[PDB]
Amino acid sequence: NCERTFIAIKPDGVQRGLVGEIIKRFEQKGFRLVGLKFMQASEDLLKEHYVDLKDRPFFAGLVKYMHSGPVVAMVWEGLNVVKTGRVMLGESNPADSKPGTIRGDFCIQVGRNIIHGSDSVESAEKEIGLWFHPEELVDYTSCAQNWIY
Amino acid sequence: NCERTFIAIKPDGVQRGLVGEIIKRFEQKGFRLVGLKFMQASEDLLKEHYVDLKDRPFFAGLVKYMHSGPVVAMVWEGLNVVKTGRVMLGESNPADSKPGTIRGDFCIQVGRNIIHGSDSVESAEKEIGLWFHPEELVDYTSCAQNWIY
Amino acid sequence: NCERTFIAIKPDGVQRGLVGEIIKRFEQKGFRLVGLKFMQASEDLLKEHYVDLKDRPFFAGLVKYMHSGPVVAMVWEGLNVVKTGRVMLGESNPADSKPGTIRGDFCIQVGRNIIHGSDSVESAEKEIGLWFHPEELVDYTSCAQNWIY
Amino acid sequence: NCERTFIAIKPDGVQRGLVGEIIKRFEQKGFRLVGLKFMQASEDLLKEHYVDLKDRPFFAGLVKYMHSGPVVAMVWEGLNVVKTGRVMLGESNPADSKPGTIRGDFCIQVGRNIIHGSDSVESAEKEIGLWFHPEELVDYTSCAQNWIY
Amino acid sequence: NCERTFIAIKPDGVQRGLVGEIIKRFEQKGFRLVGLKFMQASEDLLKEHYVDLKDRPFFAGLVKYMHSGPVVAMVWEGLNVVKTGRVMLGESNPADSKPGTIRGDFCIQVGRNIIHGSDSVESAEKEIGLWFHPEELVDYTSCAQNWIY
Amino acid sequence: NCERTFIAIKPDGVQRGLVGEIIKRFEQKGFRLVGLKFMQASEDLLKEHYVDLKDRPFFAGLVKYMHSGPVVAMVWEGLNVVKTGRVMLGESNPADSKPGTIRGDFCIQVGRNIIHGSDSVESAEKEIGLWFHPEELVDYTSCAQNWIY
C-alpha cells in the first residue's frame, strides 16, 4: 500500500503537450502523487540509470536523445503501483501496444517511447533514490483513501 | 434486441464522482437507458441480491460496505447488452482489468470495485425485478435506433 | 450550505445522449447529488409545474413536447447551488448563451432547451416537493466536503 | 514512413456525430492527414470497392446502406499506418472488439460498422487511387515529425 | 434553418492537430455538416477571399502565411449558424477571447488565429461559392433534426 | 514573448485530482512550461508570499490552510501570459467566475480557490524568485513555436 513507482515523461512527451493527459490518467486511476519535478537530465545521470541497457547498440543514441530536452519525473504511490504502471503504459514496441494505454494512444515509434516506467519494485526504489532527494517526497493523506482501499 | 442488463454504481463510485463518466460510456456505446434511480440499499435487499456469494468470508463485509452510502442503479437495453456490459466493465480483480474499461480505469482494489453488473440474462432479469418496480421502466424509442440497428 | 436546486433533463436532451455530460459538469463543479430519478412526466404534473408560464401562447406546445419522452430529474445540494446552476446552464435563448455553458454548448433552438433549472430558492423547494417524495432524497456526506468548504 | 492507409466513416458514423472523435484519435496517435473529402458514394464506386466481398449474401444490403448517406473518406500517412489503423479501429464483429478502440467504443451491430479501413498495403493503395484524385493528396511536413520519428 | 456558414481551419491549426476538436464542437452544438475538403489554398484564391482586407499592411504576410500549408474548409448548416459560429470561434484578438471558445482555448497570437469564419450571411455565400463547387455540398437529413428543431 | 507567470495549485486542488486538467489547459492554450515542482509550502515562505494580504482578517487562516498539504508550483512562459493566466483562471469569488474557466468549473467557495496566479508582471517575477531557484528553470524551444508565433 506504500509501494511506489518511478515514471519519467520524456522530451518527446514534453514537446507534444502530453504531461497533463498522463497525470490525469494516473490520478483518475487513483494513485497518490508523491514526487513531481522538472529537470534537464544530465548524461552521467542517464548513464547511471541505463547501465542495464548500456551494452546495446542504441544506448548512445538513447542517451543523446534523452539529454536533448527536459524530462518530467514523477513518483506514484499505491497498491501494486509498479505493475499497474506498466499495464497502463503499455508495451514499448508500438506494434504491440493496444488502444486505451498511453503508448498505444500516443506512440508510433520505438526509438521514442515518450514515457518510461520502472519494471520491478527494486528498480523503482533504485530509480527514486537516484533521481529524487529524500526530502522532495511528500507524504500526505488523500481524502479518497477510504474510497480506494 | 430487447435484452436488458442491470448496472449498479456503488457508494465507492458515488463519492468519487464517477456517475457521469460511466453513463457517458454506455450512452456513447449506444445502449438505451430504460431505468435510473438513486437509493440507499437496504441490508435485506443486499442479502437477497448477494445470496449467490453469501457463503463467502467477505459477504458480511460486502453487505456492510454497500449499505454505507447511496447506490445508483440503472437498466440498459440493447443487443447483447448483458455480455457487452461486462466487457466494458472489465474484470473484477484490478490486477487483471485492461486499460480502456471502467474498472481498469478507475479501480485499484477488489474490495471496492465501484461498479457491479449482471452476469447472465437470467440474473439480469432477477436483479431488475428485485430492484425496480415494473412501472419505473421507461419504454421509448430513440431517434438513432434506425442507425444503431 | 444545505441549499438545494432542481434540474430536469428534457427528452430532447435524453434522446441526444446528454445525461452523462451534464452530471459530470455538476459533479466536477462539486455539488452533492441528493436525488436522481427517471420518469415519464405526466401532463397534470407538467401543468402544475408550468402554471407560472401557463398564460403564454406556447404553453400547450411545451406541455405536449415535454410529455413525449422521459425526463431525468435531479436534485443538487451545495452553497449558492440555485444561482450557480443557472449560471452553468446559461441563458434560455440560444442567441444569448455563451460557450462553456450547457445550453451554449448543446442548444440551437429555444423550443427545445434540453435542460430546465429552478430560478429561485423558493421555486426550487416547490419543484422538489412536487416531483420527488421526501423519502427519495438521500442525505449522505461526501469525502470531498473538507476540500470544498 | 511514407506508408498510407484509407479510412472511410460511414453514413451511420456521420449521422451520430462521430467524425471529430475519430480524427482526434488518429491525430493524437500521431499520423499525418494527407487527404480529406466529404461526398455521397455512388453505387458503381461502392461495387468497385467491395468486389472483394461481392459474392456474399449481404453485398446488396451493404451497397444499399452505404449509398444512403454521405461518407467521410480520409488518407493517413505514417509508419505501419495500415496495421495500426486496423488495431485502433478494432474487430468488425462487436462481440469481439475490446474497449478503447473505435468499434469497441461506438459499435453495437455488425451490419453497420461506423468506420471502414484498408486491410493491407496493397488494398490501401487500390482504395486511395480509386477514391481520391492524385491532385487531392497534400504532401506537407508537420512541425512534430522530428519528435515522432 | 437552411442558413449556411463557411469555416476554414488554417495551417497553424492543422499542424497543431486541432481539426478534430473543432469538428466535434460544431457537431455537439448540433449543426449539420454540408461540405468538407482538404486543399492547399492558392494565392489567387486567397487574394479573392481577402480583397476586403487587401488594403492593410499585413495582407501580404497573411497571404504568404496562409499559402504555406494546407487548410481545412467546411460548410455548416443550421439556424443562426453564421452568428453562432462567430460566437463559438470567439474574438480574433487573443487578449479579448474568453475561455470556452476556440480562439480563447487554443490561440495566443493574432497573426495565427488557427481558424477563420464568415462574418455575415452574404460573405458566407460569397465564400461558399468561391471555395466549394455546388456539386460538393451534400444535402441530407440528420436523424437528430427532430431533437434540434 | 519571454514573459513568465507563476501558478500554484493548492492542496485543495491537489487532493481533488485537478493537477492534470489545469496543465492540459495551459499546454493546449500553448504556453511553454518552464518550471514545475511539488513541495510542502513552509509558513515563513507563505507569509513572505502573502505579505500583501497580511493585514486581513483571514490571513492566518489562509496560511494555516496552505501549510496543510502540498502545493504544485509551476512557471509558464509566453506572450501576455500573466494576463492570459488570470483570464483562464477566472475571478476569485465563485459567484463571479463564468463557466469555461478553471475556478468557474471546479470552485464553489472563496476560502478554497484551488488555484493561485500572479497578478502583475512584477509580482510574477517576485514569486518566481521567491519560490524557484534560478537553476530549476528549463529554457528549451518547443516544436510548435514557429506556428504559435
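For reference, chains read A, B, C, D, E and F in written order, and residue numbers begin at 1 within each chain.
To be clear about the criterion, contacts are C-beta pairs under 8 Å (C-beta built on N, C-alpha and C of every residue); 3 or more make two chains touch, one makes a residue touch a chain.
Participant: Would you mind checking the shortest number of contact hops between subunit B and subunit C?
Facilitator: Minimum number of steps from subunit B to subunit C: 1.
Participant: Sharing over half of the contact pairs with C-F by residue number is what counts; pick that pair out of B-C, A-D or B-E.
Facilitator: Among B-C, A-D or B-E, the interface that shares over half of its contact pairs with C-F is A-D.
Participant: Roughly how many whole angstrom separate the Cα centroids of subunit A and subunit F?
Facilitator: Averaging C-alpha atoms per chain gives centres 24 Å apart.
Participant: Rounded to a whole Å, what is the gap between the Cα centroids of subunit E and subunit F?
Facilitator: 34
Participant: Taking the mean of the C-alpha atoms as each chain's centre, how many Å separate subunit C from subunit D?
Facilitator: From the centre of subunit C to the centre of subunit D is 40 Å.
Participant: Which positions in subunit F are in touch with at least two other chains?
Facilitator: 11, 15-16, 25, 28, 98-101, 143-144, 147, in rising order.
Participant: Looking only at which chains touch which, which shape fits best: line, ring, star, complete or other?
Facilitator: Per interface graph, the chains form some other shape.
Participant: Pairs of chains that touch, anyone?
Facilitator: Per the contact definition above, the touching pairs are A-B, A-C, A-D, A-F, B-C, B-D, B-E, C-E, C-F, D-E, D-F, E-F.
Participant: Please name which positions on subunit B make contact with subunit C in the complex.
Facilitator: Within the complex, subunit B touches subunit C at residues 11, 14-17, 19-25, 27-28, 33, 35-40, 69-70, 72, 136, 138, 140, 142-144.
Participant: Considering only the defined contacts, which subunit F positions touch subunit D in the complex?
Facilitator: My answer: residues 143-144, 146-147.
Participant: Okay, in this complex, where on subunit B does subunit A touch?
Facilitator: Those in contact with subunit A are residues 11-12, 15-16, 94-95, 98-101, 104-109, 111-112.
Participant: Which part of subunit D faces subunit A closely enough to touch in the complex?
Facilitator: The contact residues of subunit D facing subunit A are 28-31, 78-80, 83-84, 87-88, 90, 98-101, 144, 147-149.
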